Amino acid sequence: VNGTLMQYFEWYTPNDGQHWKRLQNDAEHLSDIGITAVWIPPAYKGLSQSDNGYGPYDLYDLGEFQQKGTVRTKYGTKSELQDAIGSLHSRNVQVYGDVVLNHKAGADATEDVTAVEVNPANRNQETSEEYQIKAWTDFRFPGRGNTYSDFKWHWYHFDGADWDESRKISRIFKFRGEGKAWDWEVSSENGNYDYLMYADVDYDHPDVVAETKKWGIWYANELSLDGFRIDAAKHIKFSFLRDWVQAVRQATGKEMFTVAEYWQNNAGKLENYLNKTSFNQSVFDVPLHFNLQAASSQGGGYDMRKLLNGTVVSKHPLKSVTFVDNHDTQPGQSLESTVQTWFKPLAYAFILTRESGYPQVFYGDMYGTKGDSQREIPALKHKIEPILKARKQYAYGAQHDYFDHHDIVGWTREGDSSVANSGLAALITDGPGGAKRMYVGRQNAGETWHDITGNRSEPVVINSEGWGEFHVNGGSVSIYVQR
Ligand SMILES: [Ca+2]
Ligand SMILES: [Ca+2]
Ligand SMILES: [Ca+2]
Ligand SMILES: [Ca+2]
Ligand code: NA
């Protein structure tokens, strides 16, 4: 069967402590619509109860120790999460855990440290003389004590920070110490983009490397994870991420599928990451997200023949995870760049019914976003589900592309003899509607095909040669399959 990933959270999921129970209760539904793997949000204790998990405090607290005034994380307790994972697994759905390793937040106390300021546009340049600051670098885990791991963190396990408690000023501070320097290789944006926020972990320190590997193995075994999603990958030493993945694979004996979030709209820099990690993990196709967004915002003016230009999926199809929107690009967020609603079904048709890439459905698109703007994403589950059924049951076999018009483009799938009644013909348009003659295979000659989306009510008959004339409404999508 075709695999399909689901990101199971949005930025505004409520802080009610019931997200793991929600996942548990949705397992049958997700397995029925064709989801084969779920990516869950960071499951460890953040700097406060309401943090989404991207300001992690203790990676070994999955919601069972009293720290930061709460036992549970925003999402629920550890046993609720283990029950949700058991429910997905008994329905043959895999679970990928979010991995947040670039920084630590919420230290228990400050320490005195010698530091220098660096230029924010070129972090290789020191712009001050050294002086003393008070940084939030002492991590002692008072509610956990030594359970699972007796490692304690100090200033010398980090490369820098962004706050001095002494003078109350925010700058990019590089710490002075034995062999201290920003890590390499990382993105060369801003000269060296090792530093992002909070306390930056030093992946040049050998005890840090060894402890983080040990934690990885622990995490995968404690939750029976099947894979990982790597946060902020362009800010972490590449050869460490390559080796960390390999050590978890070695120790568990599992495939451990892994996809890294390398956020940059540039195929060439994404290819460099693949090469530097030996092709041992996939990346999200950031350039394809931007092309889909562009088409959605030009009111019919985009040249649809160019949708695949500059994307990772056209170059390295087996190492790309395709997506429409996520918690970074939804309304009101940092990297806001939402695909407009009218084009969203066309974009899901594009990523779910084509043969290359591993596609991700976003929770925020299925169920709606609960942010406070006036342009939240509405619940589109009734428009997306017919497209998921087309992926599950009909998108198999040889593909033929028709990227030959500036508005109306399409593709077909001939079907596979081992998947009964498989085969489809898809058309999308960013402008007025119309028709296109396309080939679906001579083995489907004489059949009645119909639009599974319901956008068009008239069926189409495949001629004796295996060709059919398919239609599509203005600014819409049609997917024809065997009636
Ligand atoms: Ca370093
Ligand atoms: Ca870093
Ligand atoms: Ca157009
Ligand atoms: Ca057929
Ligand atoms: Na670092």
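The chain as shown is numbered from 1 upward.
So how was this one determined? The header says X-ray crystallography, 1.9 Å.
Heads up, the Cβ atoms here are built off N, Cα and C, so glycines get one too.
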Per Swiss-Prot, member of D159, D226, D231 binding Ca(2+) 2 alongside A181, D183, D202, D204: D159
Which of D108, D194 shares the Ca(2+) 1 site with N102, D200, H235 in Swiss-Prot? The record says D194
Anything from the recorded positions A181, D204, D231 with its Cβ under 6 A from ligand 5? List those in sequence order. none
Under 8 Å by Cβ from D159 (Ca(2+) 2 binding site), counting only residues of that chain that are 6 or more apart: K174, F175, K180, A181, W182, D183, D194, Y195, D200, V201, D202, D204
Near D183 (Ca(2+) 2 binding site), how many other Cβ atoms are within 10 Å of its Cβ? 21
Going through the recorded positions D159, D183, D200, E261 in sequence order, which have a CB under 6 Å from an atom of ligand 3? none
So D204 (Ca(2+) 2 binding site), by the Cβ count within 10 Å over all chains shown, scores 16
To the nearest Å, how far is the Cα of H235 (Ca(2+) 1 binding site) from the Cα of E261 (active site, proton donor)? 10
By a simple count, how many Cβ atoms lie within 10 Å of the Cβ of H235 (Ca(2+) 1 binding site), its own Cβ left out? 23
Centre the Cβ atoms of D159, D183, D194, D200, go out 8 Å, and tell me which other residues of that chain have a Cβ in range of the Na(+) site. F158, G160, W182, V186, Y195, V201, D202, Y203, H235, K237
